[PDB]
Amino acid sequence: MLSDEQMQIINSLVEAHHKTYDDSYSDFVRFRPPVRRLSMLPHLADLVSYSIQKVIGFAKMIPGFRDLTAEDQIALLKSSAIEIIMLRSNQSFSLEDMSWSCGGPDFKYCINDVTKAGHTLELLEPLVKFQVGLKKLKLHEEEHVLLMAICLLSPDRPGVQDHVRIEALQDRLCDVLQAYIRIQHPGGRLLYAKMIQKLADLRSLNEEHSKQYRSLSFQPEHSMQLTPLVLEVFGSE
């Protein structure tokens, strides 16, 4: 069975996720509206920028993160922002229509929409396959929330300094994950290995996005559609 510290970590992650994710997608009415040339780029850039804010709120509540140096926190966030977002967006992905359905016709992001944000099929093909692969896993909230924090606490990212300390933190979320699945998830003899496989997929999706984002950011007519936060997090400083 699980230990006190191991369930404290679980209670904390679940609570943080609930404080930083909105199943109603209310604040989407505050974004630059969608348009369907790169019509969808302003709305989706607003979506990402918003998500980065929520990821930072999540990250600040992961046990041990707040005690890293500010550089290591930035290093981890710059490298893992897009992955955590790809991770949390699974909560809105629908298998019926292969789209993210954040509400009604306007906020129903299908494949043609994502291409009108300046991204090609080379990103879209494995991203969707990753989503339905993730959706089929039927994760519990604890596993989902643990996967996000495990991904964020990866020490194999550029710019990290204290990679033994954050490997320590990562090495222990994985313990909580393995213990949770064994005690509390029936029929999950294979689930942990499959979740760790998704982390590898995300590394690949990360590189494909940042490659296409480099192309957007180098074209001022498109980079001006971005937000300061986006440009800061995804920039090269």
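We call the rigid core the largest set of C-alpha positions that still match within 1.5 Å between the two forms. Position 1 is the first residue in the sequence shown; the rest follow in order.
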**Message:** Aligning on the core, I want to see which stretch wanders more in 9 other deposited structures of this protein. Is it 135-143 or 103-111 by C-alpha RMS?
**Reply:** 103-111
**Complete:** Quick note, superposing on core in 9 other deposited structures of this protein and taking C-alpha RMS, the more shifted stretch of 177-185 and 50-58 is 177-185
**Item:** Chain break class at residue 36/residue 37 - deposited residues not modelled
**Value:** 10 or more
**Higher-B stretch (mean Cα B-factor, as the entry records it), 226-234 or 1-9** = 1-9
**Asked** Per the PDB record, is the mean Cα temperature factor higher over 61-69 or over 41-49?
**Response** 61-69
**Message:** Split into thirds by Cα B-factor across the chain's modelled residues, where does residue 189 land: lowest, middle or highest?
**Reply:** highest
**Prompt:** Compared with the other modelled residues in the chain, in which third is the CA B-factor of residue 32?
**Reply:** lowest
**Asked** Within this chain, which third does the Cα B-factor at residue 136 fall in: lowest, middle or highest?
**Response** middle
**Fill in**
residue 54: CA temperature factor from the record, placed by chain third, in the lowest
**Asked** Lowest, middle or highest third of the chain for the C-alpha temperature factor of residue 154?
**Response** middle
